[PDB]
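This document starts with two versions of one protein chain, written out as structure tokens and named structure 1 and structure 2.
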Structure 1
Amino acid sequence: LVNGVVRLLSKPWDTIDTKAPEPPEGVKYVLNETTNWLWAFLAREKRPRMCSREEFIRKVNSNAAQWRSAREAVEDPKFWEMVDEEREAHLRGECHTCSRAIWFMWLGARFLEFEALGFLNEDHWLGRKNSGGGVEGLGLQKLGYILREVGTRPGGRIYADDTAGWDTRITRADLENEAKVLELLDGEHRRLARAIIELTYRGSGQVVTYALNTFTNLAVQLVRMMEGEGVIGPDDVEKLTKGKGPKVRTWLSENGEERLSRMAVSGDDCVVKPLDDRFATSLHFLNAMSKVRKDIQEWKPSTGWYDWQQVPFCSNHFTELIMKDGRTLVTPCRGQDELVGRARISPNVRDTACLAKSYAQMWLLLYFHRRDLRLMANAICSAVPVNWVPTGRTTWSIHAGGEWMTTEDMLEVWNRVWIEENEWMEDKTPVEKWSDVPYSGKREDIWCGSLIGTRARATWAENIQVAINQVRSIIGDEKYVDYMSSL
């Protein structure tokens, strides 16, 4: 189905034999060492805990997005009565519950799993400080800055290879290495988490799945780095050579942490800046781990980028942007066709107005430097009642975000995310008006899909108020504010 709010306001955009074989002994041994070292590193200072029912309730009520009934499933003491029961089973080492019932069972499982392994996300075990290479909890407003730090590290090009169907390439060996978490746990906690882990052995909820994919991808890049640096090679794949074991152990212990900070890793998405370009041909362990690269012959050298500003990560590239007061932002950027395309899809008049509004406010926060999106966002916001709370999923590409899910003034939240809470903004002086929030540079805007300079869009910009009026009329008699004369 089509969002008719974005539709009526974006007129120019109209006419647009199974696999993962288990690894060989050599590779399994190196991964084992690497995953042993990484777990010990991620457990450095934090210590595991169970997550509470209250925490789960708080987590259900915010973002991201089903949940219509989740909120409703929680306060029902019959739901915590099945949960109580199934938890009592998990503690024996038995599981079975993983309409009313066959929805409660599904949601219960998510709680049990959040109770037992939730600490990985909630305490940011994969956050950059704790994981060195991870980026958990960072919005798009932060990631570019991380790419600029990674690119700051001297060496080869920056690589960013995708895997050919990641979840498909997880081996039993990856699973056992992930399951070492258990060794960090004791008591009930350990029994409960053991029950959750032993479920995929018979399919996690993205809560845990992201943490575990990131953990595993971090390790995979560590191994590919070792091989690029000549610590291991082709002759170590089947069986590790004469005393390479300790060479590998001491390589982890003395380089692991530095090398982690040459990475930005989100689930199956990774960016790595190795010591040199030998990395481009380090494919022996990679391929034998079944982590085959997408869209490239098994043994062709990888290619990388020189400029951090064009490396893709979480479907965006990132750019430096100079504001009128001389300050520099680093901002996300992706094809504008994909951005408007996504907002024109509706996955009810109020509900779709509220979703258009979240797309608009999402754009105002993340993609304000795009001329068309800034204009379209204000049209949307002008056409949807001021008091309608933005609703619905706008972030496909599940990272974090959601600061746009509000009724608060968008200049105020822009200031909070881009200045006040931006740790890469030294000078904390606020921006007083939208006109001081910068655009990207005509030529760059045009490069990423802008229609500026086009006729269809000229007559759209000039007539925009007619379209806004048309949407106001369909939605009906409500309070509207004009945001067009802040452009």
Structure 2
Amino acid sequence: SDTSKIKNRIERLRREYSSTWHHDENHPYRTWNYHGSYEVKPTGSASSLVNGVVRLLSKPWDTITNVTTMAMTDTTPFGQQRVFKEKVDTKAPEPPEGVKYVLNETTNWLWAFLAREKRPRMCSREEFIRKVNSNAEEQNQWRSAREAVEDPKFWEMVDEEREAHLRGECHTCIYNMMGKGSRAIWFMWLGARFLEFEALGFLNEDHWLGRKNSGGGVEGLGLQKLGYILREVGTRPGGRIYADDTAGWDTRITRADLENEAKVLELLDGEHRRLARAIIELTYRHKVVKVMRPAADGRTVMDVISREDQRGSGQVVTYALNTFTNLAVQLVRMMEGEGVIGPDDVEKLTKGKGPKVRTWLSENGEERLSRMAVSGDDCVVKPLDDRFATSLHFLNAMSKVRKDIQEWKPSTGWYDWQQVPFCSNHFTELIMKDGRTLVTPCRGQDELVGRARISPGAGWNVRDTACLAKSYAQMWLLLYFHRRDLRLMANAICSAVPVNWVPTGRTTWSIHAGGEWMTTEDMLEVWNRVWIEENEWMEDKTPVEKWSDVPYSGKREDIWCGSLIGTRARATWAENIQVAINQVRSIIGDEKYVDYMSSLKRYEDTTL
């Protein structure tokens, strides 16, 4: 029985596409809420756009049914529909009273702990423009945003919608962006992004989930640190190291989870609180999504639907909230594992022990938090003992059902942290020529090159494509330098792309903190700065003076993670790449290029 906080939106939409507005009676939506549609052109890209640079400089990976399949997506109104006709439904049942009580206490203690030192604040339009002028949003039309911010007409709209919220109403926030001319629709998706940043941006801008403030979080830490954090955690005495995943986390978030997240509001006052409340209850709990769909008579239409008690939006606020909730979830599971609560307390908390839960949170919460590494729905926990493996009563009752395992089958962990996966990566200890040890991230090489082969917008803008390829290359040199193929392929890209071109585009995926590779500065210089100078786990600060001195994985670890070394296809590519490099050059044109290759061929380890 809901459709009120949304009425405002559907209206502002109906009176713009009114010349097109209409009801379909063919809407396939029975899970979402159909509100009508309007005629629109079909923007749905045929399928996938390849990065011509990364692609030409990786011929062997042409025929790898693991990097290929990862590229072709369906942006067409047809694909947008097929996808939308598969999404999960298994409406996470609200937790029982006993579970709801423990979660309430836990989340009460957590919010208090996070707010112990820092004070919430509103983020300015200046911070916005600055986070906009760098940081990322999802493509290279990100310059359209850098421009929209300089336009007084975009902020005029923001002023109108901001005033609208201070009274508890939403008009132009729809987290979907599709469609003298007008760019209003764009000024709105972005506007909603600002209003949200202004109201709840402090969580991330002030690092409320950084390890220091959250104890278990890792916000702001790049891959150069995550490895060392895993080691530190995977060393506190106790049971094995557990790293369970929730099956479809986003769909397992309950109204109870949403209520607990919404407790931030109690931390705020006056205008800030009112602005934040409009975000939480208008733009988060009530979603307004747009979707293209092929209608009758070959005409395409934009369907305007909505959902109740939805996840949220603005993947930066989302990340903070997901981290918060997961931290709470793990604390509860630990409580059970330690025998503070059990199967008898699930339905109704027992034998007068609510004070025991508050005592445990009070005296153990902080230490317990330091035994976790939580990044959104991803986590690593080292409990006091292995009773954690069977501590599944509250976990399952919270709808946080583990992925790839029977509901009541105890979890399995490890002893050696050197193999625990975290943030789509397995962190390894690497011994350099000079005896020193690094802790580096590894992950399947097929996914690494597969992602680099992907590019936004039907690449007509070479500069962007080459610049994106360069960020991937330099990202690899910084994080995946130990992988033989990536080091070689990276240097090829850097040799084929003009030296003066600044790397642009998105490389940071899944993870977020990072971006050090987005420079025109020498990569050995930045490698030195992040792996030695600024590495608080690096005792000896003596710099490395050559790439040959920067270690590789063991020939065995390189393959463990998908190396093509030892293969003929890769033998033929490593030896005659200068041709492809030249080909790229000729195509991109007459520019200044530097050769990072030859210096590499000097330390080429081949055929075993």
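For residue numbers, the reference is structure 1: its sequence is counted from 1. By rigid core we mean the largest C-alpha set that fits within 1.5 Å across both forms.
- Superposed on the rigid core, the two forms differ between structure 1 and structure 2 by 2 Å or more at the C-alpha of one listed residue only; from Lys357, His90, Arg224, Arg259 that residue is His90.
- The two forms line up on their rigid core, and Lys428 then has its Cα shifted by 1.2 Å between structure 1 and structure 2.
- At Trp125, the distance the Cα travels between structure 1 and structure 2 is 0.7 Å after the core is superposed.
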